[PDB]
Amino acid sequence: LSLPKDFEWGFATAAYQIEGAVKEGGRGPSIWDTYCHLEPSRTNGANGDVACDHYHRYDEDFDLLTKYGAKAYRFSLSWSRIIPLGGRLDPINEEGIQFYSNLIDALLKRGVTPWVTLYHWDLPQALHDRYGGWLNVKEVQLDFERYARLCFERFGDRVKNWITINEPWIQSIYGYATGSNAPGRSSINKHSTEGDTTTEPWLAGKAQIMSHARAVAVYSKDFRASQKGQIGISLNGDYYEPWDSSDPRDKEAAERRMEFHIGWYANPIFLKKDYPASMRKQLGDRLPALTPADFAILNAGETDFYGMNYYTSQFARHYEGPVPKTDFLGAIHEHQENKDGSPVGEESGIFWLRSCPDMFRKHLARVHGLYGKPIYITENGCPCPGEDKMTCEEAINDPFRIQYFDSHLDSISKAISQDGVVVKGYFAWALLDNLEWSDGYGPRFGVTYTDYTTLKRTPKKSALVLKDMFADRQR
């Protein structure tokens, strides 16, 4: 299935998942440095102190981008590497700025377009200690504004494609509702934790929304015209079909779930409107109100594209009885089989991720019709069945991942040609195997195998054929 000739495709990584050098080059600790070092571990015994040691090995990793024929590469900047304490009054770390300046030059020298994520879950620990980080909507958005502006100043003459925040739903929900991600706050966690699942996720959500708003306002007012670049945000979220398509409650539950996951952020950011009515009906005063001053900032900037992180889909079933105050999904039940027992998709290397290419197409069409923005697939990928136990020699032949790429490229092509969706790019997660956050190094999402004993990179077959697949579809 065909794809446009201007389709900008490549591979994606994230700072804490690959860099290592956590206390090198002037870097300050992030909330994941603290979370990955809890004793006993809550991250399957894994930390990112070394990870892939990309900090010392980026010449090799970027040479792989040349071997794989990528024209673009998405990576993130460690906030605490650039401003170790993170705050707008704290000193900058020129050695950290220099490191990312070197990465940008290394990519451009190889003819690879750098795509830069400002925030990828690694909030500076000092901001959490000072005022609660994302819980302090007022303070954190000011620190993020300064941080974003600094990156525009130092890198914006070279970097023309910006992503403010990666998957804010996960940072809000896993960080402050379930507490399974850093900074590990919850009131429903099996560990003794501080927090409040009834309030804190919705504070973190609004904080990330207004942090995006201030950064986009800065970029629109001072950088888009002179630097001639674009800026977006990367939203995740599964597509949901009704568990029973004949049950009206199930059809409404699937839409409500996607409103709670994506509309939460996309309504104020892309449509300049309040949270979806379904969220405000369920959450009431626990959903921090967007003020007239908040909307004034949202209306003072424009976000250029919808960044889509997509992996899997599910079935949504209606919710009976009173909805607990700790509920955050939006009063549904999640399922991977429907009323007929039909699986939502094919099993992959990790239980939550199923390959559902047909629903990915409908996902794109729905997002297009709701928010009317061009879409870049900023993340899409998978681990393969049994890959966590595979040797390097076994993992290098990955027909499952190849077929995963092929299926979802078909969905994009159909969405463009049949649904009128403007999909302008695609970034495969990931360039190489890396730290899958609290799941450890077990899940291998890379098109490159990472031996963690020697740090040797070994390309998997998908890394070599992906450029052929795009050339064929662009032929």
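For every residue, the number given is its place in the sequence shown, counted from 1.
If you average the C-alpha B-factors over 432-440 and over 414-422, the higher value belongs to 414-422. Stretches 283-291 and 355-363 differ in mean CA B factor, with 355-363 having the higher one. Across 166, 141, 312, 246, the entry's maximum B-factor at the CA atom is seen for 246. Residues shown: 373, 146, 160, 335. Highest C-alpha temperature factor in the entry: 373.
Ranked by Cα temperature factor within the chain, residue 39 sits in the highest third according to the deposited record. When the CA B factors of the chain's modelled residues are split into thirds, the value for residue 102 lands in the middle one. Sort the modelled residues of the chain by CA B factor and residue 54 lands in the lowest third.
Sorting the modelled residues of the chain by their CA temperature factor places residue 457 in the middle third.
Compared with the other modelled residues of the chain, the Cα B-factor recorded for residue 19 ranks in the lowest third.
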